[PDB]
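Reading through the structure tokens given below for one structure.
Protein chains: 2
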Amino acid sequence: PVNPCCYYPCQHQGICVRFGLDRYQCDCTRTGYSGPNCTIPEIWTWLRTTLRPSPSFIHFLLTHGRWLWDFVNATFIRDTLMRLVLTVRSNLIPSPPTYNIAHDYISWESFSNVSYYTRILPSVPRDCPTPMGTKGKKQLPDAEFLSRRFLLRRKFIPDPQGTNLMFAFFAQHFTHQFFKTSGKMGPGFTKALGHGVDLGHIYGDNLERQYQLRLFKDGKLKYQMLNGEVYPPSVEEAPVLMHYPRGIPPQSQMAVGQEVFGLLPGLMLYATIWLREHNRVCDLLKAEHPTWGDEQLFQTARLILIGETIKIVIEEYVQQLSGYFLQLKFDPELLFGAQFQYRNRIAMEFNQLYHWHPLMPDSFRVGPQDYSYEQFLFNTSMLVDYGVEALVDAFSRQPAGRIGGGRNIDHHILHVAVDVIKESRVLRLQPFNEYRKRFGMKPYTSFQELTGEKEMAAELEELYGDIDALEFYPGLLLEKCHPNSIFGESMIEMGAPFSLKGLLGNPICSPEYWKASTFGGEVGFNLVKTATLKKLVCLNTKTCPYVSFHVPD
Amino acid sequence: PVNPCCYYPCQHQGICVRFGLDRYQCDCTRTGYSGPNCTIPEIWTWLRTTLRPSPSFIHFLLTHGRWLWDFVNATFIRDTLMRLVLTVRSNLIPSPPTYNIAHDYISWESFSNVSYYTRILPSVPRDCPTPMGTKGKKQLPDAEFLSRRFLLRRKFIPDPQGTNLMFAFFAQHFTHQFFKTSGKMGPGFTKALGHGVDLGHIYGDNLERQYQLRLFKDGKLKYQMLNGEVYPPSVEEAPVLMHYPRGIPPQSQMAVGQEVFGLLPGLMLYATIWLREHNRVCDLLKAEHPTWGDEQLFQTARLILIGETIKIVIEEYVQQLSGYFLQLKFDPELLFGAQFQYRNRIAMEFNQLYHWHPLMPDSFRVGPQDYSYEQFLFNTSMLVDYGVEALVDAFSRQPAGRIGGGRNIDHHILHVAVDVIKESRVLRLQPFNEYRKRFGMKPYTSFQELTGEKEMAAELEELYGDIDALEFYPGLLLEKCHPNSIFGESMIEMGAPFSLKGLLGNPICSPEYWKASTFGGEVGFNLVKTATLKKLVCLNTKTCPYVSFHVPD
Ligand SMILES: *[C@@H]1O[C@H](CO)[C@@H](O[C@H]2O[C@H](CO)[C@@H](O[C@@H]3O[C@H](CO[C@@H]4O[C@H](CO[C@@H]5O[C@H](CO)[C@@H](O)[C@H](O)[C@@H]5O)[C@@H](O)[C@H](O)[C@@H]4O)[C@@H](O)[C@H](O)[C@@H]3O)[C@H](O)[C@H]2NC(C)=O)[C@H](O)[C@H]1NC(C)=O
Ligand SMILES: *[C@@H]1O[C@H](CO)[C@@H](O[C@H]2O[C@H](CO)[C@@H](O[C@@H]3O[C@H](CO[C@H]4O[C@H](CO[C@H]5O[C@H](CO)[C@@H](O)[C@H](O)[C@@H]5O)[C@@H](O)[C@H](O)[C@@H]4O)[C@@H](O)[C@H](O)[C@@H]3O)[C@H](O)[C@H]2NC(C)=O)[C@H](O)[C@H]1NC(C)=O
Ligand SMILES: *[C@@H]1O[C@H](CO)[C@@H](O[C@@H]2O[C@H](CO)[C@@H](O[C@@H]3O[C@H](CO[C@@H]4O[C@H](CO)[C@@H](O)[C@H](O)[C@@H]4O)[C@@H](O)[C@H](O)[C@@H]3O)[C@H](O)[C@H]2NC(C)=O)[C@H](O)[C@H]1NC(C)=O
Ligand SMILES: *[C@@H]1O[C@H](CO)[C@@H](O[C@@H]2O[C@H](CO)[C@@H](O[C@@H]3O[C@H](CO[C@@H]4O[C@H](CO)[C@@H](O)[C@H](O)[C@@H]4O)[C@@H](O)[C@H](O)[C@@H]3O)[C@H](O)[C@H]2NC(C)=O)[C@H](O)[C@H]1NC(C)=O
Ligand code: HEM
Ligand code: HEM
Ligand SMILES: *[C@@H]1O[C@H](CO)[C@@H](O[C@H]2O[C@H](CO)[C@@H](O)[C@H](O)[C@H]2NC(C)=O)[C@H](O)[C@H]1NC(C)=O
Ligand SMILES: *[C@@H]1O[C@H](CO)[C@@H](O[C@H]2O[C@H](CO)[C@@H](O)[C@H](O)[C@H]2NC(C)=O)[C@H](O)[C@H]1NC(C)=O
Ligand SMILES: CCCCCCCCO[C@@H]1O[C@H](CO)[C@@H](O)[C@H](O)[C@H]1O
Ligand SMILES: CCCCCCCCO[C@@H]1O[C@H](CO)[C@@H](O)[C@H](O)[C@H]1O
Ligand SMILES: CCCCCCCCO[C@@H]1O[C@H](CO)[C@@H](O)[C@H](O)[C@H]1O
Ligand SMILES: CCCCCCCCO[C@@H]1O[C@H](CO)[C@@H](O)[C@H](O)[C@H]1O
Ligand SMILES: CCCCCCCCO[C@@H]1O[C@H](CO)[C@@H](O)[C@H](O)[C@H]1O
Ligand SMILES: CCCCCCCCO[C@@H]1O[C@H](CO)[C@@H](O)[C@H](O)[C@H]1O
Ligand SMILES: CCCCCCCCO[C@@H]1O[C@H](CO)[C@@H](O)[C@H](O)[C@H]1O
Ligand SMILES: CCCCCCCCO[C@@H]1O[C@H](CO)[C@@H](O)[C@H](O)[C@H]1O
Ligand SMILES: C[C@H](C(=O)O)c1ccc(-c2ccccc2)cc1
Ligand SMILES: C[C@H](C(=O)O)c1ccc(-c2ccccc2)cc1
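Respectively, the protein sequence lines represent chains A and B. Just so you know, we're using the numbering used here here: the first sequence kicks off at 1 and counts up by one. Just so you know, we're using the numbering used here here: the second sequence kicks off at 554 and counts up by one.
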């Protein structure tokens, strides 16, 4: 008897439950539909769906008519729309979280064990006829072949939106505080127990590590002086585990919150900027609160930096990424009248979607000098040799690669995409089309509709055999991009919900925490409300270089 | 310079923050008040407080006019009132949680480290003129003296509401799933990381322990047969750490989720009933779902038992406790249209408040036999000797002692109260009157007003010197009791918020989880919806004895 849930019979988030030896029932509770497979719409459900413009038309509206948007952005309409965006996008993510790699049903273990990444759609049943369920071949295309054929970069394709490396390293630094897959436990497990913006990549993901990194004086983080400049301390003064190639002297190993940041100067660059921001904030707090001890100074600075991070990510990072003329706004109060849960659980699908390796260039240009991957990766003297300002200027000037479209991952890191595809199969992620529906989009009827071209589509069709067998990650990177965009609609329609839910679901955005006293008063609250990338760098450097998420003109 | 916040200047939940060397500022954000101390009301705030009837009057309305409540309870008005109770009570509890024993301010560590009990009011600053702030003497009364003088029972005082031992043991059993203070870490720390109704007292507070307790067959829990009846397994069969006096071998110990349950037959009685219920539910689930494996049967049954627990607690436990003519109702759907966070963090004040030792009798009567504490405590055969039905019948017929009013704690366990008072001082809990205000009541102006009498009031007055120096726990237990009630208004006004928040804050009550599929379908969902104390017992025993939370008429 073939497992009926392998046919993915339940639609619109209805829940498929096996009954008896060969039957099944769909739980349509609060889905807005009824019927055996939750396909019969209620009045409002129908109106909403038949009158709702497509993601492509909305994307069009949001990226045209700057004159009208400039007007709108200066009115209450800016808040009305930002609220709509926030609520409509986040409503797609279940909270409290539902499934994980071990349970394809709600359970107390899935709810309480935070070492697990959560998941939005259950896994493909292990007893299905094919790897993807019912469609496709008995064996999926070879991961290595799939990557070399469709993901490997031939000629560098720059992001048409003007995104640069300053943005690419920001994204890598930022996401690594919540994507920390455990090697020991395996796929489906994380070590970033904070499941969000807790800044564990600065303060450490565990208490013992945090303590080794702290100076325990004035609430500050340990540091060292080099060429009269402030940098993270060496592992000798802050005995913390760091992932460095064997043979590298401890004196040349910098100690920071995230163990893998010694991998790239671009990562240590941000680690340095934030470390300096932390100590700088500590100084501001101390002047305002001379009676405070080291602990409160440290904890309050952390909250301020968390706020500064969310602010910059929404108003500058996501702004650059979206390309929207609507001025995004970070304002927790926009949700104080709505039903919203201030909690977040990182999804394995979100982890998959954020592998933006295509952003990395062919080489790294620092002034007249061009540096190869071998001169850049694990280079422990570049940051100190050039200093923060020089690297920020350089990264802000060099363009990053386009993410969507295919064939744009540098050969030096193509192996990551290969492992991502392999991980996807161990996690038994459902097919791309099931995720399209889960996120409110119509499934693609053919590979041609997906890619927008004919040659790659024909080859994919031969390899997968059926569009309904196309996998999650390949689908995301091979989907045709929006006009002049960094990526396709699925990346936005699927990524926006996870991202927004992750940003606003932070406890500091709750009515309980979002108050001046939480940040030490008006001074600290204002630091959060008015934070910018430019201020983050220039208030912590001797000179002010060109700083931005987009290349200059 | 005296610490300005030692005077507890900020009112109505305003937050006191130290500025400069000797100044302070109150953050009145969203309190509904403004001004230096958060005392100037906004028009609506004033309107609401002036029209608000007193807790005494509302208590009067809820305990009179049966004819009217009989009409109300059979209509939608019952639901309207329950929702009001729910939202208004839970709104007094901060969520996300605020402080803990280490931080008297919001911090990321307080939010993320669940080993800490949270707290509603910050601690008494360590640099205050007196132990309670600025009022009272430089030295608090001796804890032992206080207990002997005002808490020690002289003549057993039965609860006037008819509460029995079946209720007392249920309460002790139930609360021990979320109150597990860590001896190793000390005051302020808990081992019950679930912080709520997770049934960890049945399944264990950690995974390793849960695995030792499970049969891994049919989703069931290990068990043993004795005299043809089902009981928890021995430690020899389920090797988990149980706290038994030294010398008692593993084969003679019973292994259950909570390590301290071997202490009393009353606790193991409930451990036995719930274990039978778990396995009984597994049977019903397997009949409906023959394809389900052991893990899903186990997890689903746990969710059902959690649901049955909350149902019984709200509609029978709290109902008995309140004495309201209003028929309380457990219906998560009542909050779906409101703003509510589905999370809970156990407060140290709630732990203190729940020390209901006065409930325990002078001796334990089982039919013709009367057992002393010496014969009852640590008795390893009584449960099996009498069987479940017999003990339930016996406990359901024996009256429990009155909680409030004072002088009603059996000398055998008075030492617990002494330690609660000592613990309170290590935690530096603010005075009783500060808590009265935090929970919407007027502070008491004298001990006479507090106790309602003159003898104890005069002595307390001399020991403490000032009503504003009275401590939390002593205050709760010495407050005058409502007419014919089990305890005073403070117990209700402070206890209800914590209780209701903890019950409805459970994720199974969220819109995401409260669906039939979560419980395996309609059969499991109805088990939750129609759960009853009588059914919990009678469907798991050979015969059906007298079972209730109140003695028979
Ligand atoms: C979050 O969730 C993850 C995933 O579940 C947790 O992972 C870890 O915990 C699991 C449970 O501890 C680990 O499971 C392994 O199970 C192996 C098999 O053991 C079996 O169970 C008992 C073993 O006990 C037996 O009897 C005596 C009794 O004392 C015992 O001393 C003796 O050793 C004997 O084996 C038995 O019934 C069976 O026959 C099996 O032996 C273990 O051998 C192994 O050590 C481990 O416990 C799992 O591997 C862990 N890691 C991962 C990645 O899964 C994680 O702990 C959870 N986190 C939290 C905070 O809950
Ligand atoms: C939830 O919250 C609780 C409460 O904070 C927390 O408690 C435990 O964790 C902390 C931190 O691990 C424990 O700290 C204890 O105090 C001392 C700290 O002082 C010393 O620490 C270092 C000593 O060892 C190191 O010294 C050399 C330097 O010469 C260094 O090179 C080596 O690395 C070496 O290991 C040192 O840096 C410093 O100078 C001091 O000597 C700890 O050392 C000690 O081990 C203690 O552990 C608490 O005691 C823990 N329990 C309690 C009750 O506080 C929980 O861990 C937390 N839970 C979670 C999940 O976060
Ligand atoms: C970690 O990063 C540091 C950078 O801080 C690396 O050190 C730097 O390495 C560069 C390249 O080896 C050094 O180059 C300098 O400038 C010229 C560059 O070459 C010139 O341009 C092209 C290239 O051949 C030709 O057309 C020109 O004729 C000319 O050759 C070089 O010739 C100079 O000799 C000089 O070295 C740079 O000086 C150096 N910086 C410092 C402070 O050492 C470092 O190698 C890297 N570590 C590792 C292990 O890769
Ligand atoms: C754990 O609990 C069990 C009960 O489940 C304890 O065992 C039981 O102990 C009682 C008394 O200790 C035994 O009593 C039986 O019946 C009479 C009762 O006494 C009578 O009533 C009064 C009392 O003096 C007098 O007026 C009468 O003359 C008469 O004495 C007793 O006399 C009998 O000898 C008989 O023991 C009961 O039988 C026993 N149950 C079993 C099956 O063992 C057990 O002690 C306890 N463990 C500990 C450590 O206390
Ligand atoms: C040239 C620079 C880069 C190098 C050397 C690099 C490297 C790596 C390696 C070695 C891994 C782990 C692979 C495995 O376990 O198989 C990884 C993972 C990952 N990378 Fe990159 N990467 C780069 C850039 C970036 C960028 C710019 C982003 C975009 C935000 C990013 C995102 C991620 C994510 C989300 C993961 C998974 C983390 C996890 O599960 O722990 N990377 N990368
Ligand atoms: C036969 C009677 C009982 C005995 C022997 C007993 C005993 C004890 C002991 C020995 C402690 C721990 C004290 C310490 O660490 O200093 C404790 C705690 C506790 N007891 Fe009782 N008790 C009884 C009844 C009850 C009842 C009826 C309730 C009410 C629901 C209750 C509730 C509590 C609570 C809430 C704690 C604190 C738990 C914690 O923080 O871990 N007890 N008791
Ligand atoms: C509900 O979903 C099922 C599952 O795909 C649909 O398919 C079933 O019913 C068909 C109608 O006759 C049969 O032809 C299929 O063999 C049968 N498949 C399975 C797995 O049982 C079903 O038609 C859908 N019903 C509705 C109303 O949409
Ligand atoms: C605000 O609260 C403070 C603290 O309770 C009040 O007390 C301060 O001001 C009084 C005015 O005469 C003095 O008598 C007190 O000594 C002084 N105490 C402190 C904290 O320094 C204050 O009156 C209140 N003010 C308002 C506006 O209500
Ligand atoms: C009510 C006024 C409607 C005007 C119709 C505007 C037409 C915009 O049309 C849009 O063009 C895009 C490409 O430029 C496509 O990607 C979108 O799918 C399409 O809807
Ligand atoms: C309330 C929010 C309204 C957002 C609507 C913005 C959409 C801008 O729409 C623009 O209108 C222009 C009309 O002169 C056209 O010429 C542009 O092609 C079109 O994209
Ligand atoms: C927070 C929910 C508010 C519902 C009010 C109805 C207003 C409908 O609002 C619509 O929602 C769509 C998404 O479903 C958007 O794509 C449309 O642009 C928006 O106008
Ligand atoms: C014209 C301006 C419109 C502003 C509203 C945009 C925000 C609504 O965004 C909508 O979110 C939904 C759920 O994730 C998606 O299914 C829709 O395709 C998307 O347009
Ligand atoms: C029509 C509305 C009338 C509002 C009158 C406001 C009454 C509250 O008045 C306030 O009472 C506090 C406590 O006694 C004082 O500390 C404040 O200074 C006082 O303004
Ligand atoms: C009996 C009259 C009651 C009036 C209710 C006051 C409503 C709140 O009024 C507010 O007062 C603030 C302080 O001056 C102003 O800054 C705000 O603009 C104003 O809206
Ligand atoms: C909608 C909620 C209404 C709550 C009101 C219930 C209060 C019952 O009130 C009772 O009414 C009786 C009338 O016969 C009086 O005799 C009692 O003294 C009075 O306490
Ligand atoms: C007549 C029936 C009334 C039902 C409403 C009772 C529920 C509201 O209860 C109220 O909760 C507040 C916050 O905890 C307390 O401050 C009030 O004193 C209390 O009466
Ligand atoms: C505002 C806009 C929307 O809601 O449309 C939006 C929000 C978030 C992202 C995002 C961020 C990170 C990864 C992937 C996607 C993209 C667009
Ligand atoms: C419904 C009623 C109300 O909200 O009035 C209520 C709710 C809860 C308790 C309670 C529970 C445990 C300890 C202490 C108190 C008491 C009364």
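We treat Cβ as the ideally placed atom computed from N, Cα and C, and that holds for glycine.
Stretch-stretch touch, CB-based, cutoff 8 Å, three pairs: the stretch 299-311 of chain A with the stretch 233-244 of chain A: Contact fails between the stretch 299-311 of chain A and the stretch 233-244 of chain A, because fewer than three Cβ pairs, one in each stretch, are under 8 Å apart.
What's the C-alpha gap between B/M913 and B/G739? The alpha-carbon of B/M913 is positioned some 26 Å away from that of B/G739.
From the beta carbon of B/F572, is the nearest beta carbon of chain A less than 8 Å away? Cβ-Cβ to chain A under 8 Å: yes for B/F572.
In three-state DSSP terms, what is A/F19? Three-state result, A/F19: strand.
Partners in chain B for A/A516, counting only beta-carbon separations shorter than 7 Å: The contact set of A/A516 on chain B, defined by CB atoms closer than 7 Å, consists of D580 and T582 in chain order.
Is the number of C-beta pairs between the stretch 94-110 of chain A and the stretch 119-126 of chain A that are closer than 8 Å three or more? Cβ pair count under 8 Å is three or more, so yes.
Residue of A/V551, A/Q430 and A/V256 minimising C-alpha distance to A/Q224: Distances from the alpha-carbon of A/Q224 to those of A/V551, A/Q430 and A/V256 put A/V256 closest.
Contact list for the stretch 93-112 of chain A against chain B, Cβ threshold 9 Å: Residues passing the 9 Å Cβ filter: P94, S95, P96, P97, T98, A102, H103, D104, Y105, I106, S107, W108, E109, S110, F111 and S112.
Of the residues that make up the stretch 842-872 of chain B, which ones have a beta carbon closer than 8 Å to any beta carbon in chain A? Against chain A - using a Cβ distance shorter than 8 Å - the residues of the stretch 842-872 of chain B are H842, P843, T844, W845, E848, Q849, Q852, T853, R855, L856 and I859.
Do the stretch 511-520 of chain A and the stretch 103-112 of chain A touch if we need at least three Cβ pairs shorter than 8 Å? The stretch 511-520 of chain A vs the stretch 103-112 of chain A: no contact.
Kindly indicate which residue of A/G505, A/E277 and A/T543 has the alpha-carbon position closest to the one of A/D393. Here the closest residue by C-alpha is A/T543.
With the cut-off set at 8 Å, would you say B/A791 and B/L766 are in Cβ contact? With respect to the 8 Å criterion, B/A791 and B/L766 are classified as neighbours on the basis of their beta carbons.
For A/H278, tell me which candidate among A/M254, A/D294, A/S182 and A/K442 has the shortest Cα-Cα distance. Residue A/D294 is the option with its Cα nearest to A/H278.
Exposure label - A/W356; buried when at least 16 CB within 10 Å: Counting Cβ neighbours within 10 Å, A/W356 comes out buried, since at least 16 surround it.
Pocket of ligand 13 defined by Cβ to heavy atom distance under 5 Å: Those residues are B/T592, B/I593 and B/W599, given in chain order.
Within the same chain, show all residues whose beta-carbon is closer than 7 Å to that of A/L151, passing over the 5 residues directly before and after it, in chain order. The answer, listed in chain order, is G406, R407, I409, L414, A417 and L477.
6 Å CB neighbourhood of B/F1051 in its chain, flanking five on each side removed: Closer than 6 Å at Cβ, skipping near neighbours: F903.
What residues are listed by DSSP as bridge partners for A/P187? Answer is none; A/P187 lacks a bridge partner.
Is there at least one non-hydrogen atom of ligand 12 closer than 7 Å to the beta-carbon of A/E493? The answer is yes for A/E493.
Below 7 Å CB to CB, which residues in the same chain sit around A/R209 once its five sequence neighbours on both sides are set aside? Around A/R209: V240.
Is there contact here, the stretch 279-299 of chain A with the stretch 567-581 of chain B, by at least three beta-carbon pairs under 8 Å? Three or more pairs of CB atoms, one per stretch, sit closer than 8 Å, so the stretch 279-299 of chain A contacts the stretch 567-581 of chain B.
Closer than 7 Å between beta carbons: that is the criterion. Which residues of the stretch 198-210 of chain A meet it against chain B? For the stretch 198-210 of chain A, the set of residues with a beta-carbon nearer than 7 Å to any beta-carbon of chain B comprises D198, in chain order.
Output, in chain order, the set of chain A residues within a Cβ distance shorter than 7 Å of B/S1063. Here the neighbours are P96.
Between A/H64 and ligand 10, is there a pair consisting of the residue's CB and a ligand heavy atom that are separated by less than 7 Å? Annotation for A/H64 indicates a beta carbon within 7 Å of some heavy atom of ligand 10.
Boundaries of the beta strand (DSSP E) in which A/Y371 is found, first to last residue: From DSSP, the beta strand (DSSP E) with A/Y371 extends over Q369 to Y371.
Proximity of B/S934 and B/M994 at Cβ, strictly below 8 Å: No, the Cβ-Cβ distance between B/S934 and B/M994 is not below 8 Å.
Which stretch, first to last residue, makes up the alpha helix (DSSP H) that contains A/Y105? Looking at the DSSP string, A/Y105 is not in any alpha helix (DSSP H), and its letter there is neither H nor E.
Do A/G65 and A/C38 have their beta-carbon atoms positioned less than 8 Å apart in this structure? No, they are not a contact pair.
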